Structure formats: C-alpha cells, structure tokens
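Heads up, the chain below is alone and in the form deposited in one PDB entry; it's given as structure tokens.
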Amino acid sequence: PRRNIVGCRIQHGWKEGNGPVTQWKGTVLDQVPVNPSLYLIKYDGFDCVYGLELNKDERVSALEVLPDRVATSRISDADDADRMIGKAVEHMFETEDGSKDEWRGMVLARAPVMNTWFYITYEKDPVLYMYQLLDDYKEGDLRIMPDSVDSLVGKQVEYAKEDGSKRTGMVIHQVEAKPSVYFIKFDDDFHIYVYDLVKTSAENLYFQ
C-alpha cells in the first residue's frame, strides 16, 4: 500500500523526560533521501523545523497519519521571493517588555508542502526555522541585504566540543541557492543545524 507520508497531517503523543504524555500535531514536509527513517516536520506552535524518526523514536507514541494530503497552493509571488532567497536579512521581532529586536539571518529556500513559508537561519541561533517571510516583509519587519567533486550530502560528520567529547551526525541537505551552506542532523538532537563551510563558525566541524 501507500507508504509516502510527505504532505500528511500527523498527530502523536510526545513524552519529554518523566513528564506526562502530551499531544503534538503537525505537517510532514520531507523524508530525507540519505536516511529514509528521518522525516522533517513543521509542528503547530513550534518555529523550528524538527527532524524525527517518527516510527522509531522512544519519545513518540500513538502516531496517526491522515490520508488527506495537504495541497500546495498557487505561487503568485515568485518575483519577490527570488529577490530574497539566498540573501542575508535583518528580521524584526517584538519583545514582551516593550518592543524592537532585530535578528540577523539568511533566507535559505521556499519550504516544501507549506509553500507560503520559507526556511531561514539566524547568526544568534544557527538552526532551521520557518516563517511566512513575504507577509513579514509587507508589515515592514524584514530588510533584505544585497550580496557583496564528491557530494557532501550523505557523509558522516563530527566536531569536537569544548568538554573533549565528539558530537556525531550526518549532512542531510545542500542549499541550492547557496551551495556552501548545508543542513546537518546530529544523533543527539531534533533541531536541524545550518552551517556555511566558507565561514570560521564551521572549521572545528570536520568530516570522517
């Protein structure tokens, strides 16, 4: 029968530590070709994209996949998304105590399935996020800055931490609009880590 759940809405119990089991609901965005057990999900209420092995993870229970696949809507703003994809940006967020908070970042791609959302990462938090950036732009909260042989996708990666331990993981994606930028999935966490190999922030990070 049908085994591709990309595009489905899912629901499942989640158990954090020894706390109670709570329900999470979200949309499956992708299934990683170099690791078909790994799915990327946008959960309702979490800004970060999660990487979970939905059928194996010990913190997941009572998983249900709805057959009703989320349809991709008509794209009518490719003229403006093309000026933003692959660029450095300054994204404005509202703080609780008053206002104003600018975060420097980079727009990576239009998100798959939920295609009015974009993938973005920040210098202060270098993991994968999803926001409806063209709406934020219209509201005056996004500034777009002008710019000045073996494939690494699928390779194992590790980097030494300050306490002497090695953090293991795998490269799962190469950013089409900025090919020196990669997505890394580490064994110990569900966030997706974004690295630009041209920068000093990715020199400690080393391959095999």
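Counting begins at 1, following the sequence as shown.
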Where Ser148 meets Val149 in the shown sequence, the number of deposited residues left unmodelled: 10 or more
Higher-scoring stretch by recorded Cα B factor average, 36-44 or 157-165: 157-165
Of 102-110 and 74-82, the stretch whose C-alpha atoms average the higher B-factor in the entry: 74-82
Selection by C-alpha B-factor (highest) of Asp125, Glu90, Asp135, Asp97: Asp97
Out of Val28, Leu66, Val171, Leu63, residue topping the C-alpha B-factor column of the entry: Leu66
Entry-reported Cα temperature factor of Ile144, expressed as the chain third it lands in: lowest
Where the record places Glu16 (Cα B-factor, split into thirds across the chain): highest
Ranked against its chain, the third holding the CA B-factor of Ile5: middle
Relative C-alpha B-factor of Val181, binned into the chain's lowest, middle or highest third: middle
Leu152 by Cα B-factor - lowest, middle or highest third of the modelled chain: highest
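As for the form deposited with a partner chain bound, it is not shown, yet the points below apply to it.
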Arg9, heavy atom within 4.5 angstroms of the partner chain in the entry with it bound: no
Heavy atom of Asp125 within 4.5 Å of the partner chain in the entry with it bound: yes
Exercise: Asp136 in contact with the partner chain in the entry with it bound, heavy atom 4.5 Å: yes
Interface membership of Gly164, the partner chain in the entry with it bound, 4.5 Å heavy atom rule: no
Listed residue (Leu63, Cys48, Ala177, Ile144) with a non-hydrogen atom within 4.5 angstroms of the partner chain in the entry with it bound: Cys48
Triplet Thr27, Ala71 and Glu90 all within 4.5 Å of the partner chain in the entry with it bound via a heavy atom: no
